[PDB]
Amino acid sequence: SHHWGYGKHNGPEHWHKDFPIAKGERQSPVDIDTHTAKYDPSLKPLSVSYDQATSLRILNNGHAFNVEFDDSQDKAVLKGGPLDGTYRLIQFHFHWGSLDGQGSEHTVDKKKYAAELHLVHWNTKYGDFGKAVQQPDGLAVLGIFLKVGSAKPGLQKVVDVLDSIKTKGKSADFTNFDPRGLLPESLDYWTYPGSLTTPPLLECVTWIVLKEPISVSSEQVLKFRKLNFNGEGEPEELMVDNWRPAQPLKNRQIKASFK
Ligand SMILES: [Zn+2]
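Residues 2 to 125, 127 to 261 (the entry's author numbering) make up the sequence shown, in order.
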């Protein structure tokens, strides 16, 4: 049967048939043109409070892998930056390529990074994630580019569990993971209003994309590429190129926290 994905017959160019908002006015990702983004001195420093984060599980959902967190209290939150109020971390995941020259969803002056990390947070004034994704300010996604170079120590625990969630629907306990180990040195960022980059493509996201990429080793990203989109007992389809390309900016402004 038919299901959205990243192949020739069900990839991003087809999604609009199931999810018409794919052609909407606030779709993500976008290209970040550094000569059109404007420094905004009213933007605050980003406040990342992850000390009390409680990771729970890692899941291969057939499109990527999600590391899930306990979001029943303000244990890992994002405040400040462009945001009003408090956004709780619910999960993170990555998008990556079959080759080092592709994989990111956002681009910077058309440059594509090897991968991109998305830390997904929801606005606590809406009570739960499901209600937050019915609101134009329901979500905040922190996006972090990955380039291939030196290894990222804080990523290694993720890499070393992937063998246990090779196929769609597999999960593994994944407690005591500290997402601070995935951050770059600088928290300078670009921000713009957009959407989920996977179906249902809902236009609920304040995007906060960090300027500084993190470095991961070739071996770390190679291990991402050994995952499978398929379920156990089905033909093997490597989980690679699970990225949506840049979408039209339309009537949107990208602001920079730095000059
Ligand atoms: Zn994503």
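No residue lacks a Cβ here, since even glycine has one placed at the ideal position from N, Cα and C.
Select from the options the residue whose C-alpha is nearest the C-alpha of residue i.
i           : options               : result
residue 156 : 115, 212, 111 and 219 : 219
residue 184 : 73, 109, 68 and 142   : 68
residue 205 : 58, 221, 30 and 176   : 30
residue 98  : 222, 32, 237 and 256  : 222
residue 62  : 232, 239, 246 and 256 : 232
residue 161 : 90, 251 and 94        : 94
residue 202 : 20, 248 and 208       : 20
residue 251 : 143, 25, 8 and 240    : 25
residue 131 : 166, 180 and 71       : 71
residue 112 : 35, 44, 52 and 133    : 35
What residues are listed by DSSP as bridge partners for residue i?
i           : result
residue 147 : 117
residue 93  : 68 and 120
residue 257 : 39 and 193
residue 88  : 79 and 124
residue 52  : According to DSSP, residue 52 bridges with nothing at all.
residue 246 : None; residue 246 has no bridge partner.
residue 230 : 240
residue 47  : 81
residue 32  : 108
residue 61  : 66
residue 153 : DSSP output for residue 153 lists no bridge partner at all.
residue 100 : DSSP, once it has assigned bridges, lists no residue as partnering residue 100.
Could you compute how far the alpha carbon of residue i sits from the alpha carbon of residue j?
i           : j           : result
residue 125 : residue 86  : 8 Å
residue 39  : residue 260 : 9 Å
residue 224 : residue 141 : 30 Å
residue 242 : residue 123 : 27 Å
residue 192 : residue 235 : 43 Å
residue 153 : residue 159 : 12 Å
residue 78  : residue 247 : 28 Å
residue 22  : residue 100 : 29 Å
residue 114 : residue 80  : 26 Å
residue 37  : residue 256 : 8 Å
residue 171 : residue 27  : 30 Å
Terminal residues of the continuous beta strand (DSSP E) containing residue i?
i          : result
residue 81 : 78-81
Between which two residues does the alpha helix (DSSP H) containing residue i stretch?
i           : result
residue 1   : Residue 1 lies beyond the range of the chain shown here (2 to 261); nothing can be said about it.
residue 224 : 220-226
residue 134 : 131-134
Checklist line | Completely contained beta strand (DSSP E) runs for the region 162-218, where each covers 3 or more residues | finding: Runs found: 173-175, 191-196, 207-212 and 216-218.
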